[PDB]
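> Sequence, then the experimental structure. Questions to follow.
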Amino acid sequence: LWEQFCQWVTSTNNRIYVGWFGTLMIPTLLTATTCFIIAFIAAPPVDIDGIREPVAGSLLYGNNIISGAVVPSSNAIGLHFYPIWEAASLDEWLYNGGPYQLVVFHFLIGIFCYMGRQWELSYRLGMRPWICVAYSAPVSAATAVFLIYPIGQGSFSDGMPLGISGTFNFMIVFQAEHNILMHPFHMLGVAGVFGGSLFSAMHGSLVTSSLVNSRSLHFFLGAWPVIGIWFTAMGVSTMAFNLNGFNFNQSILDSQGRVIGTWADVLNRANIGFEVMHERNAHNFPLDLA
Amino acid sequence: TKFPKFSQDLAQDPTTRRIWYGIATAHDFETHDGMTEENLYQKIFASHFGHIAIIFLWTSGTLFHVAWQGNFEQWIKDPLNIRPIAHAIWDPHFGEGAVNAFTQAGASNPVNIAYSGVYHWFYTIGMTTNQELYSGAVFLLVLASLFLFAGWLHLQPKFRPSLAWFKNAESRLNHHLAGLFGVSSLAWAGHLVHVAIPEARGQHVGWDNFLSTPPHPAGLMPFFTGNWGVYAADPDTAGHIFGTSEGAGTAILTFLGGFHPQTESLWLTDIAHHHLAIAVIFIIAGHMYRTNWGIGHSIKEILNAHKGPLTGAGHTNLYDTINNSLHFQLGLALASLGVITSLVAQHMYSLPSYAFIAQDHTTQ
Amino acid sequence: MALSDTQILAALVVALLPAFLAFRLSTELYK
Amino acid sequence: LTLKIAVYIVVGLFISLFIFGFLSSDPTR
Amino acid sequence: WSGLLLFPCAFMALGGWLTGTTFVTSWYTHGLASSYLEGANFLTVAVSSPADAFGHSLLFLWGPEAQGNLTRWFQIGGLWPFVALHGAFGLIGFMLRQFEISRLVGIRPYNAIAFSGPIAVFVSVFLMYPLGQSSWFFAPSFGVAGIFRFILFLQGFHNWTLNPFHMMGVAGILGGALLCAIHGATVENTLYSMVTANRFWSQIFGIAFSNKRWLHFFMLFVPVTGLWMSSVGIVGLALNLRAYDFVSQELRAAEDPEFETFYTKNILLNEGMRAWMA
Amino acid sequence: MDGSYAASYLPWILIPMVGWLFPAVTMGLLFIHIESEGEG
Amino acid sequence: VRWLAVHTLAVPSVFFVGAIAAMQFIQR
Amino acid sequence: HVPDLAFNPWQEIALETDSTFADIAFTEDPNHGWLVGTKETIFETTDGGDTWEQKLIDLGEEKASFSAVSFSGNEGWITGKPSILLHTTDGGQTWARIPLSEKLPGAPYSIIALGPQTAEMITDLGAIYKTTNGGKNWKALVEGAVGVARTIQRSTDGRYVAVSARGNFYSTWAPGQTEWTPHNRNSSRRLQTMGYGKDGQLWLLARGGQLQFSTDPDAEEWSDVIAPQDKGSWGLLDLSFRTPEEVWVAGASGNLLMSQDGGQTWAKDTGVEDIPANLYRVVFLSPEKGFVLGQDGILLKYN
Amino acid sequence: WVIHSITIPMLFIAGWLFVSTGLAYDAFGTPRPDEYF
Ligand code: CLA
Ligand code: CLA
Ligand code: CLA
Ligand code: CLA
Ligand SMILES: C=Cc1c(C)c2cc3nc(c4c5[nH]c(cc6nc(cc1[nH]2)C(C)=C6CC)c(C)c5C(=O)[C@@H]4C(=O)OC)[C@@H](CCC(=O)OC/C=C(\C)CCC[C@H](C)CCC[C@H](C)CCCC(C)C)[C@@H]3C
Ligand SMILES: CC1=C(/C=C/C(C)=C\C=C\C(C)=C/C=C/C=C(C)/C=C/C=C(C)/C=C/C2=C(C)C(=O)CCC2(C)C)C(C)(C)CCC1
Ligand SMILES: [Fe+2]
């Protein structure tokens, strides 16, 4: 029976190509999807901050699709591997944000096997395997923002929350504590994505107009956003090890040494404000109260 | 006077000797004023980064000048009859006779003739067009930039290595044996198999198509199933002409021995199996010293255990002596490097590895 | 084929970056 | 502790199938 | 025609930028060294916004502002309106040039509608938003760090991330990049040969593109759609705000220490930013 | 003093700077630095 | 017509780069 | 694996409640003590914590999470966020609710009773007040805000430290100053918690359980990074000093470790590792009277 | 070469002298480090 199974697996006549990489892609992807849906529906509140302020991102705990998310693991976990069997009880696993780790790991393995299946199918059909080269950049970015950054920061709670509001909160805190905008590699990624959109618009308009070296142009235009995403993933990975962006504050001094301050100082002030969400001292708090 | 800032004894000298000795003791970081061991090691680390970047820039310049003002594409058509060209000459002090004399090797201007034997090396490793040389030069520029930035980075307060990090012999040996030696050799073998051999057999392979061109007809099947002999079948015959498909075999790892009948040099497949085997051996060797998993040897106990009734204390306490003295390590490294360089010369004049380099006597 | 003028100019522009990085490294080492 | 063994054998057999299938396929290898 | 009017003005639009980043400062308007002349590097230099005392004044050089004095015309920060006006008119000249070139060729002017995106983005961000604001002071600066500060200011004062229009713009930009990369890979991997690529995509993803027409059409209309949605979001920002505001969740988290949401933390960050400057 | 390589005009300006301009510039800068009596 | 189309930006460029080069020592 | 502790000097009590335990306090050794936590849950003991009885109380709003409890003499205070204060002088037999004034900046976090009719109020937003009229009147010692603080710790002699909202930096304050001094974190990893050791120095717990100790009064420099669990990446949650020499640390999944050398070597208490809870705070009122407060109504008592 | 041999070289030193002394600061109104408060 094994030979027929292998023939069916490798067959290109099937409705959907599975491939031997698919034999690992399907279980990991399905596990990630199932656990992600379960957490997005009915995840118990998770104490991500490690203080007595639990955070719940499930729909059954009073959240919408925009606000709902999958909370990262508890800050008490750190980088320690936390599978279900290593937990004292299922409730302990649920309250420590274990579903986040499970989903992230199985989904990362799934996208790696998606790469493998892409390459396997491109090699079986004889087509040139450059689609995987382009697909590397989003995969590299996902690995950097989901695995490299938590490892660099020493906690899995610092990863991107699996949601919409959590994504924006993560981006804001990343800018606050890293100054990613001043880092040249987010600049290069921004340039890459903007140029890719520009090239897309130009070529789509040209083809639509013409619709009732070219190869070198197409390949270079396609490679531009891939290179940009590679650069931005490299920048995020470097940030993960505290290699922050440019700090041009406190630079320009006057004749007597008094600091003049530039727009970099204004950006630093904005970052500090996003760092601490209130005013500073010497602001005349009430002296006495009843 | 300010210069030299690192020695107040020299800075207060009124004579011109201060200018001389300041240069002489400049890079002697040990005797500088107010020098600590940690600062010494960090400064040495940065300086070594700088020397590496300088080496990369020098190689990039060689490549760039050869590509720009050389005759590489003409030389490959006739390696035994065309003089390689080093760099162009621009001397306003020249006269007409010198201009006529130095216009050689078919050039249209005064130009030199290369004697470093790099044309043969570039031909053997695979590169055949000027664009490849230019790309290599640009990539080496980028590498030098990266290493310079690394030297700057590991000097900042947030990245300065600790003194305990520098004195970690076991981890350094493990990484620099398994990684620096073994992995680099394995990568070079992979480069020879994936690019150099097909290029020498006529099949052009580059960054554009190396992802869809298998170096062997049987890909990874014999290697993984233990049937390694498949990769040694059908070698290059004695009638093979370098760079063409006439008499070209399909084997990627052989043990032919001897020399190529045409290039009077070693077979490329022999080099492939050689560097692959030494890569495996180095990777094995790099798993010897204990770092963080309990397993592995520790150098101190090995040194202290090899005593002897005739030599007295044997090799006791040598670990501390070598680790705490940078001059001992520098002397050991210099002696080893000198012996290896002598070996390179002796085994390279008699066992040429590059095509048509034994017939260019001046370069040899 | 032989190189182009733009290739040499681009090589010069690229080599500008290691010059700046080496300047920064030398200044840092002088400290 | 039965869950750990269950998942362990699951992944073990999955990677065993993954490594065996490539050996089975004679074309393009 | 329009072929030789965009070139001069845009040049001035360019020119006043460099002299706007190397010699003219903002010590009398923003209290910052926004010029290279003080030693600010390329990232730090910019063309600062005019002082808010003049309101929505066009800051004409010959006009009542600066009374024709060029030094006054510098210190009042008229360089920002100068550059903004010159750049906007250069952009409209480029638009008209594309329209007339398409007319000359005779093809349908899809390139003009493709470039309509950046036109809308620029006329909304740098012209319309200050018009809906108090004065030119709150308008974005012409530089590197100024744009980042403007972005952070809008995040603090508008919750711009939660706006569905910036969400659509982000989706459009990312989809345009995705389609560009996939188009490059497909074109250089099939070396027409569309049918085999369709088969490959069917066996990989499940569905593919029936025609190159549809693929090119979609990659043309995704990023321009994102840009137009972002411009419409700026329009809404000038007018009454429209964001998915969840007041019920805010109320629940206000008094319940055991209920917290990423939306609630984002709100805490937004008012935290808004608090500690005036 | 002409060459057939691409951008033959570069050595016409690069060599003088490496020959006269750069040497004199660093020569004067180093001479000023070594005699700088500002500190020690 | 290319003469002015080059010179109108050539003259300010060479006017400015000299100042920018002198700039690194005036603040010192 | 880390070395395993041979002896378990901690006895586990699994209270039938899901309220995380925040703080504990006592009046006298043979007298009653109190503990406050989450979800308006308060538990009173009288035998030294061997057994507890639950006290039930409800207000108009049922969202009062108690954060601190402090007893001095027979006077007692219970503070919870959002603003709620219960003060008494009868040993807690009846509690008088103090309706906090609206002008109190931020929800209160911690309270220390400096004796009879003397208390100090700490607010999460950094504001500090002092009340000597039993809550009738307050006095602001410092008139500044530190922003949102994850954790605020009080020294033996009244000095205050506060980790920032994300651990990027910290803020210190001492009596006699009207402002809070911000200081950059002294660890490469972002801060998780910081406290004052009984020796008078500071200790910082970063992400991934990177414990670091401080020396000298300024304590700008710090000791080498110490990981009590070595290869283990479990993030610790609290540090406690039974004696100025012996130290304890509490983390996740009952990972309670102890150092007999003040941090150089650490042993894992596998006796409490089976606990299905996340230990939060180890409080050593006396070297023999110590309590470990975790989660889901799980407590550890010293012996 | 004749028309370009004079136009380019002079302007570099012209700008050097223009910015080396109190001309640019007064021309564009950017305060000198002295005028800064
Ligand atoms: C003009 C504004 C602007 C623009 C254009 C960008 C652009 C970018 N920023 Mg940025 N940023 C900005 C302003 C801007 N930024 C500001 C103001 C801030 C401060 C708050 C930041 C803070 C910031 C951070 C903190 C980060 C970025 C990142 C990025 C990059 C995102 C690419 C990405 O998601 O990876 C590519 C896409 C992915 C990784 C998604 C996963 C794709 C996988 C492979 C497929 C998944 C499929 C999924 C399961 C669904 C399948 C569907 C179906 C088949 C089932 C991009 C270059 C990120 C970055 O650099 O990425 C590395 C990042 O981490 N930015
Ligand atoms: C008056 C005699 C004279 C002079 C001035 C030159 C000058 C030159 N010849 Mg030349 N030549 C001469 C006679 C002369 N030649 C004769 C008689 C022959 C035989 C016929 C040749 C054959 C010849 C050839 C074949 C070539 C030249 C080349 C060159 C040029 C090399 C470029 C250079 O020096 O920069 C580079 C500068 C250096 C390498 C400096 C080295 C010397 C210093 C002292 C070492 C540095 C020490 C120290 C670290 C310095 C610190 C820094 C310093 C600033 C303080 C240069 C223009 C080459 C050329 O045109 O290509 C560019 C070339 O290929 N010449
Ligand atoms: C895999 C990990 C790894 C790797 C790749 C390296 C690599 C390197 N380390 Mg290193 N290091 C590591 C881990 C690693 N390290 C760890 C873990 C520690 C801490 C314990 C250190 C601590 C450390 C220190 C303290 C220093 C380095 C330095 C260096 C560089 C020395 C230059 C060199 O040997 O290259 C050139 C040499 C070779 C590639 C091989 C030598 C040549 C062989 C022996 C024979 C010749 C072969 C062939 C025939 C010649 C080619 C011919 C061809 C041209 C035709 C090198 C890049 C030094 C430095 O500053 O660099 C930045 C330095 O001072 N390392
Ligand atoms: C160390 C490497 C090296 C060396 C020795 C040379 C040598 C030479 N080059 Mg050359 N070059 C190199 C790298 C190198 N090149 C690289 C990487 C590039 C690409 C940017 C060029 C681009 C280049 C051009 C465009 C021209 C030359 C020319 C020349 C000749 C005139 C002298 C000169 O260099 O000044 C002029 C050249 C330069 C100033 C180029 C910059 C040098 C590189 C980029 C930096 C090297 C720094 C070096 C490592 C410092 C070492 C420090 C040490 C002294 C302590 C001479 C034969 C000229 C020529 O052919 O005349 C006949 C010429 O027109 N070069
Ligand atoms: C990163 C943003 C971005 C930039 C900078 C940009 C720039 C450009 N795109 C152009 C084209 C296009 N853009 C297109 C689609 C797109 N373009 C996009 C995004 C961008 N496009 C996106 C997202 C799309 C997809 C919809 C198309 C379809 C075209 C074209 O047809 C055209 C082309 O062929 O490309 C080469 C060129 C217009 C030439 C012109 O008007 O001449 C006149 C130049 C003028 C008027 C100068 C502008 C003056 C500005 C407004 C003020 C001064 C600017 C300062 C120097 C810098 C200040 C900026 C600070 C941040 C520092 C120019 C190179
Ligand atoms: C990863 C990986 C996979 C796929 C790998 C693929 C698809 C490609 C891999 C390529 C790799 C791994 C390395 C390529 C390296 C190239 C290097 C390192 C070049 C260095 C050059 C130096 C240093 C010096 C250059 C020189 C030049 C330029 C000259 O012109 C003169 C000579 C010389 C001076 C030597 C898979 C997942 C399948 C399996 C697991 C491993
Ligand atoms: Fe196309």
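Now that the structure is in, tell me what you want to look at. Numbers count the residues shown, from 1 in each chain, chains lettered A, B, ... in the order given. Ligands and ions are numbered 1, 2, ... in the order given.

> Which residue is the nearest non-sequential neighbour of residue A:73?
Nearest in space to residue A:73, with sequence neighbours left out and distances taken as Cβ to Cβ, 6 or more residues apart in numbering or on different chains, is residue A:97 at 3.6 Å. Where C-beta positions appear, they are placed from N, C-alpha and C, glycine not excepted.

> and the one you found, how far is that from chain I?
Note on residue A:97: its distance to chain I, by Cβ to the nearest Cβ, to the nearest Å, is 53 Å.

> Next up, the contacts around that residue.
A:46, A:48, A:71, A:72, A:73, A:74, A:77, A:156, A:157 (Cβ atoms under 8 Å, 6 or more residues apart in numbering or on different chains).

> For the fifth one, list the residues it contacts.
With contacts taken as Cβ under 8 Å, 6+ apart, residue A:73 has the following neighbours: A:46, A:48, A:82, A:96, A:97, A:98, A:100, A:101, A:156, A:157.

> Let me have those in TSV, extended by secondary structure and distance to residue B:315.
As requested, the contacts of residue A:73 are exported to TSV (DSSP: H, G, I helix; E, B strand; the rest coil; distance: Cβ to Cβ, whole Å):
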residue	secondary structure	distance to residue B:315
A:46	strand	57
A:48	coil	55
A:82	coil	47
A:96	coil	52
A:97	coil	54
A:98	helix	52
A:100	helix	54
A:101	helix	49
A:156	helix	47
A:157	helix	50
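
> nearest to residue I:35, of these?
Nearest to residue I:35 among the contacts of residue A:73 is residue A:157, at 50.8 Å by Cβ to Cβ.

> Distance check, that closest one against chain B.
From residue A:157 to chain B the distance is 23 Å (Cβ to the nearest Cβ).

> correct me, but residue B:218 touches residue B:229?
No: look at residue B:218 against residue B:229 with Cβ atoms under 8 Å: they stay out of range, at 11.1 Å.

> Comparing the two, which residue is more hemmed in?
Between residue B:218 and residue B:229, counted using other Cβ atoms under 10 Å in any protein chain shown, residue B:218 has the larger neighbour count: 15 against 9.

> The more buried one and residue B:226, how far apart?
The span separating residue B:218 from residue B:226 equals 13 Å under the rule Cβ to Cβ, to the nearest Å.

> Between those two, which contacts overlap?
With Cβ under 8 Å, 6+ apart, residue B:218 and residue B:226 have no common neighbours.

> Now do the contacts for residue H:137.
Counted by Cβ under 8 Å, 6+ apart, residue H:137 has contacts A:288, A:289, A:290, H:131.

> one more time with 10 Å, if that's ok
Taking Cβ atoms under 10 Å, 6 or more residues apart in numbering or on different chains, we find residue H:137 in contact with A:288, A:289, A:290, H:101, H:129, H:130, H:131.

> Check which helix or strand whatever residue of the stretch 51-200 of chain A ends up closest to ligand 6 maps to.
In the stretch 51-200 of chain A, the residue that lies nearest ligand 6 is residue A:119 (7.8 Å; Cβ to the nearest ligand atom). Using DSSP states H and E, residue A:119 falls within helix A:98-124.

> Tell me the helices and strands packed up against that helix.
When contacts are defined as 3 or more Cβ pairs under 10 Å, 6 or more residues apart in numbering or on different chains; DSSP states H and E, helix A:98-124 packs onto helix A:19-42, strand A:69-70, helix A:90-95, helix A:131-143, strand A:162-163, helix D:2-24, helix E:194-204.

> Using a markdown table, lay out the ones you listed together with mean neighbour count.
Output for those, formatted as a markdown table (neighbours: other Cβ atoms under 10 Å in any protein chain shown):
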| stretch | mean neighbour count |
| --- | --- |
| helix A:19-42 | 18 |
| strand A:69-70 | 26 |
| helix A:90-95 | 18 |
| helix A:131-143 | 19 |
| strand A:162-163 | 22 |
| helix D:2-24 | 12 |
| helix E:194-204 | 17 |
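
> of all these, which lies closest to ligand 6?
Closest approach to ligand 6 among these is made by helix A:131-143 (8.3 Å; Cβ to the nearest ligand atom).

> is chain D contacted by that closest one?
No: using Cβ under 10 Å from any Cβ of the partner chain, helix A:131-143 never reaches chain D; the gap is at least 15.5 Å.

> Hey, what's the angle from that helix to helix E:194-204? Just curious.
40 degrees (axes from the mean of the first three to the mean of the last three Cα atoms, to 10 degrees).

> what's the spacing between helix A:131-143 and its chain's center?
For helix A:131-143, the separation from the chain centroid amounts to 12 Å (computed by Cα atoms, centre = their mean, to the nearest Å).

> Report all helices and strands that the next helix or strand after it contacts.
Using DSSP H and E, the helix or strand that follows helix A:131-143 towards the C-terminus is helix A:149-153. Where contact means 3+ Cβ pairs under 10 Å, 6+ apart, helix A:149-153 is packed against helix A:165-178, helix A:214-240.

> Using PDB, list the CA coordinates for helix A:149-153.
Extracted in PDB, the C-alpha atoms of helix A:149-153 (Å, rounded to 0.1, in the frame of the first residue of the first chain):
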ATOM      1  CA  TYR A 149      12.900  39.600  18.800                       C
ATOM      2  CA  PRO A 150      11.600  37.500  21.800                       C
ATOM      3  CA  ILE A 151      15.000  35.700  22.000                       C
ATOM      4  CA  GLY A 152      16.900  39.000  21.900                       C
ATOM      5  CA  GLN A 153      14.700  40.600  24.500                       C
END
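
> can you tell me if that helix touches ligand 1.
No: for helix A:149-153, no contact with ligand 1 is found by Cβ under 6 Å from any ligand atom; the gap never falls below 7.7 Å.

> Other residues contacting that helix?
With Cβ under 10 Å, 6+ apart as the test, helix A:149-153 has contacts from A:72-73, A:78-79, A:101, A:104, A:143-144, A:155-160, A:170, A:174, A:177-178, A:236-243, H:188-190, H:206-208, H:233.

> still on that earlier bit, now the contacts of residue H:137 as a markdown table including secondary structure and distance to residue B:297?
Formatted as a markdown table, the contacts of residue H:137 follow (three-state DSSP; distance: Cβ to Cβ, whole Å):
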| residue | secondary structure | distance to residue B:297 |
| --- | --- | --- |
| A:288 | strand | 72 |
| A:289 | strand | 70 |
| A:290 | coil | 75 |
| H:101 | coil | 71 |
| H:129 | strand | 64 |
| H:130 | strand | 64 |
| H:131 | strand | 67 |
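
> Residue A:22 contacts residue D:18, doesn't it?
Yes: using Cβ atoms under 10 Å, residue A:22 makes contact with residue D:18 at a distance of 9.4 Å.

> Could you tell me which residues touch both of the two?
By the contact definition Cβ under 10 Å, 6+ apart, residue A:22 and residue D:18 are jointly contacted by A:113, A:116.

> What distance do you get for the closest residue to residue E:238 other than its chain neighbours to residue E:152?
Spatial nearest neighbour of residue E:238, excluding adjacent residues (Cβ to Cβ, 6+ apart): residue E:132 at 3.2 Å. Relative to residue E:152, residue E:132 is positioned 19 Å away (Cβ to Cβ).

> Looking at these two, which is more packed in?
For the pair residue E:132 and residue E:152, the greater number of neighbours falls to residue E:152 (23 against 13), based on other Cβ under 10 Å.

> got a list of what that one touches?
Counted by Cβ under 10 Å, 6+ apart, residue E:152 has contacts A:172, A:175-176, A:181, A:266-267, A:269-271, A:273-274, E:160, E:273.

> if we take the residues you listed, which one ends up nearest to chain H?
Proximity of the contacts of residue E:152 to chain H (Cβ to the nearest Cβ) peaks at residue A:176, which lies at 7.5 Å.
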